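Here is what each chain is made of, one letter per residue.
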Amino acid sequence: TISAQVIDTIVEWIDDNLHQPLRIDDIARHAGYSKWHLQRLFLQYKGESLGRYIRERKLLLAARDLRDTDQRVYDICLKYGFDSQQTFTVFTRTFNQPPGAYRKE
DNA sequence: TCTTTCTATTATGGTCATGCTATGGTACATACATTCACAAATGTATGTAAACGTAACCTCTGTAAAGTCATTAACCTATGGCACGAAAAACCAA
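Residues numbered from 1 in each chain as written, not as in the entry; some residues may be left out. Chains lettered and ligands numbered in written order. Part of a larger assembly, values for the part shown. Heavy atoms only, no water. Residues with missing side-chain atoms left out of burial classes, pairs and counts.

Draft legend 1. Representation of the side chain of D65 within the structure. When you line up the elements, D65 lands in helix 4 (residues 50–65). As a buried residue without a salt bridge, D65 has its nearest oppositely charged side chain in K79, at a separation of 7.5 Å. For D65, the side chain forms a polar contact with the side chain of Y80, separated by 3.4 Å. Once residues within four sequence positions are removed from consideration, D65 is found in contact with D70, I76 and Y80. (Helix = DSSP H or I, 4+ residues; strand = E, 2+ residues; numbered from the N terminus. Buried < 20%, exposed > 50% of the residue type's maximum accessible area, 1.4 Å probe, protein only. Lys, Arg positive; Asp, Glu negative; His and termini not counted. Salt bridge = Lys/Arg side-chain N within 4 Å of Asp/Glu carboxyl O. Polar contact = N/O pair within 3.5 Å; in protein donor to acceptor, adjacent residues only side chain to side chain. Contact = heavy atoms within 4.5 Å.)

What follows is the structure, encoded as structure tokens:
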């Protein structure tokens, strides 16, 4: 029990939520835990900054949609959180693996 | 040895219930005691005082437990400072 069961709710919010980005103000509210209700968790349970963990989660989620043989490549990053194609093109810094070649795999 | 013509007790119901009640007389004289009904006195009786004790009973000071508020410092919004991870510019390979 950390901050009255915030771990059991963060995962549910990440699962249920739409492609809306996750920031301090966005998740600070209906979360039931403010900035410090999340800082301790991100420091202890995860040990990684939000901008990298969210990007990794989006990449792991899109790894299946890229294999689902979808022709609308521009909408793949949009349906998962990346509001722009250039920002998602994160993939170069993470995998150094072609968008298209991976999409071909 | 046996069936008719006489001499005497049982029997047939109560339910719905009725008024107004007696009917003739036929001797006294002594007698002695049981019983009812009142005088008057006893005896236990009832109702009026007076003494002790606690049914107590409020009053007040001390012991005790319960709400609250002096400390003091634990954490917690702030402030400043330094990594950190994203986003765009740049340049190289094909």
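Draft legend 2. Geometry of the protein's contact with DNA strand B. Around DNA strand B, the neighbouring residues are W36, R40, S49, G51, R52, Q86 and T87. Of all DNA strand B atoms lying within 4 Å of any protein atom, the proportion belonging to sugar or phosphate reaches 100%. Here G51 contributes a backbone N or O atom positioned 2.4 Å from a phosphate oxygen of DNA strand B. Mapped onto the surface near DNA strand B, the elements with two or more residues apiece are helix 3 (35–46), helix 4 and helix 6 (85–88). Each residue belonging to the surface near DNA strand B can be placed in one class, and the counts come to one nonpolar, four polar and two charged. (Near = heavy atom within 4 Å. Nonpolar A, V, L, I, M, F, W, Y, C, P; charged D, E, K, R; others polar.)

Draft legend 3. Structural context of the environment of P21. Examined against the element boundaries, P21 turns out to sit in the loop between helix 1 (7–16) and helix 2 (24–28). With relative accessibility at 23%, the residue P21 sits in the partly exposed group. In the structure, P21 is positioned 62 residues away from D83 in sequence and 8.6 Å away in space, judged by C-alpha atoms. Once residues within four sequence positions are removed from consideration, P21 is found in contact with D26 and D83.

Draft legend 4. How the structure looks around the nonpolar core. Counting ten residues, the largest nonpolar core is built from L59, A62, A63, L66, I76, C77, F82, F88, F91 and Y102. If you tally residues by element for this core, the top one is helix 4, at three residues. The contacts of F91, once residues within four sequence positions are left out, are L59, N96, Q97, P98, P99 and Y102. (Core = buried A, V, L, I, M, F, W, Y, C linked by side-chain atoms within 4.5 Å.)

Draft legend 5. Main features of the side chain of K58. Tracing the backbone shows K58 in helix 4. For the buried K58, no salt bridge exists, and the shortest N-O distance to an oppositely charged side chain is 6.4 Å, to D83. For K58, the side chain forms a polar contact with the main-chain oxygen of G81, separated by 3.4 Å. With residues near it in sequence (within four places) discarded, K58 still touches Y80, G81 and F82.

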